[PDB]
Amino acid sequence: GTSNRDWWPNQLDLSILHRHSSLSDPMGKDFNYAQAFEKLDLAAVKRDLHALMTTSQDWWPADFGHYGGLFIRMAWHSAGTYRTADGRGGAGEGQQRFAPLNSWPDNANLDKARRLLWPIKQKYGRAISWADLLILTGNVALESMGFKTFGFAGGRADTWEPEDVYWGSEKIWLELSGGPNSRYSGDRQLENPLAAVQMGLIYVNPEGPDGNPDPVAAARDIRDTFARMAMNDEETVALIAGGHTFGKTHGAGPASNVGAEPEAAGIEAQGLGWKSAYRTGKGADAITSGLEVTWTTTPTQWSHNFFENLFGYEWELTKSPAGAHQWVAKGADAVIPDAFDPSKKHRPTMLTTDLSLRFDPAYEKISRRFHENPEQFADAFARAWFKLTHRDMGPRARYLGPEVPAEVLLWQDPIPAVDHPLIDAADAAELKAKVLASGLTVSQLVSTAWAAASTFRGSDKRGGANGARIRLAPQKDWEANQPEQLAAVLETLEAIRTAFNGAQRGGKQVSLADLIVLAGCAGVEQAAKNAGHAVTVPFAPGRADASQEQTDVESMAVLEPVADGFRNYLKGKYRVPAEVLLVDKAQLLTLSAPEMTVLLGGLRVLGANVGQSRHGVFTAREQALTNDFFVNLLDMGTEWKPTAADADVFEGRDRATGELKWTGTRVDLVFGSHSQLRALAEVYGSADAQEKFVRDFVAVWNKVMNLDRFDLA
């Protein structure tokens, strides 16, 4: 069946803006997962998970009689798709159970792990999500094996279809670099937003870069990919050594024995894959990665044996039974237990990437410190495991249940508690009147609140207006935020705040975070008045101001917009057409196609463009809230052509006279070109639509202002 995607493979794709439809969701529209979880007997779940650890099934027998290692890998893989570039991937939506991740080569036999959890999932139902269960099971496996976790939060709601994530352009699983769709260029530079070295891997190749077993060069890939998953050197070494304190790899025979991944298998496989023709196909005969390594002398118990072995032997390159590169300890005794036969023992072995922890000079110092001070190792691993598995959960207000750690961590972008009465409706009206009497314009008010609130992304629930981080490094210096203009707006708002607060009794005060948003609202109200309409913009107080010391400047840098079509901003020239980047931004903001359309049209006419560009400002009453953008964009009296200087800028000329009327970018004109977007523009550009446009704009504005308000949720 030939599709639109076949005929027009480069056309913009809007279906990413309608994932999460209530059509695909089997739960009612009223279903609230937080409420269901808050009633779960989490202790009873943990008991059942503890019992499962040593209840082996014959269809996938447990190594050493304990599934703990398999479950820790399962949980680590669930979390470990996360990229800081866009916040996509991670454990927070339980995407491992959907395509493509359910069938990535690095997730081989994790299908079996998930199937082992079905009885517990079934027993507790909607009160524990898959997303939550995968992480909890990891935690319980650590606890069962003697490792004390830092804590656990529930609240990851299940999703019901695959997310549309760009995982790379390769058309071959695991393709080595330098191919026609290479994710690498120059001096081994991995393309943004990717955070893995080959298609279908979590981070790096365990044999070494493109299969070359050099631990020093592997270290480099490790450092790069883990950084792109938010982990520094200390966290990286704690995580790899911590994880590889447990379990084993599986490579008992050649990989050609292993069949179709889950999405390719026959219907009788009932959702599982990688069925193996090698001997029994499972347990002692299991093939997963092709490597055959067991790290420690007690694979089912926490120990300090990983670094004892790593440092205590010299290592020799060898091949697994499947042909994969790995390392064996020179002249060692057979001290490592077999997973199934008590009469067999094996020599200590390591992956190339394990040897990275010793042969990379910066890692070596941390590894040695961990070897000498195992308590520091244990604490760092517990902290990093918590971060890894919670990284995409958003503000602390979303964390549920009785095991949430009390300690506030820098990486959580923490927001101070509010400890004073909030402003009421009379106070809000007063503050808005002061904002308007100060001289701040519609365009300054709208631009500043947009800048503050539009850093939110729904992928990892970072960003937004709460915190007033727009006043701090690095947001106050971002080019998209117009630093000089921003400084002047914030100075006026700070004076308004200080005066209001000094005049109060009873300890009432307004935060700068709330005042930025409230001022934006006054600007939209003023804009509506300029167009002759009476409009009230909703506003919810309660934001607090975070400090500079609560704001990790390096972690904040990935939220910088390099493309924001809502302000007609592009920081440089890119591979990706500007309209593709607009739809990507709309997705992160959680907007539908109609919301994206109304929002952009209104922002153009309010003066939200960076640098006061005229591009797309298709109105003769700028700073008035009208549907002019749509009426003028759709006017057939105007003809459009790319400019000589720049093919991404267009001139719109009167068709009869030739006179220049407007200019726009690709972000502006795609609303007059794409057939679905132009259908949306037509609604808002019709003669009966002025009121609908205002209403719908105010709604989406308010939506964006509240994206991070999980304290109200």
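If you superpose the two forms and keep the largest set of C-alpha atoms that fall within 1.5 Å, you have the rigid core. Counting begins at 1, following the sequence as shown.
- Superposition on the core shows that, in 6 other deposited structures of this protein, the C-alpha atoms drift more in one of 19-27 and 697-705; this is 19-27.
- For the pair 425-433 and 569-577, the record assigns the higher mean C-alpha temperature factor to 569-577.
- Two stretches are in play, 323-331 and 637-645, and the higher mean C-alpha B-factor belongs to 637-645.
- Based on the entry's C-alpha B-factors, the most elevated value among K248, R543, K112, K508 belongs to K508.
- Within the selection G94, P119, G211, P262, the deposited Cα B-factor values reach their highest point at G211.
- Per the deposited record, the Cα B-factor of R19 falls in the highest third when ranked against the other modelled residues of its chain.
- In the PDB entry, a CA B factor belonging to the middle third of its chain's modelled residues is recorded for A687.
- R398 sits in the middle third of its chain by CA B factor, as recorded in the PDB entry.
- The deposited CA B-factor of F618 belongs to the middle third of values across its chain.
- Annotation for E595: CA B-factor lies in the lowest third of the chain's modelled residues.
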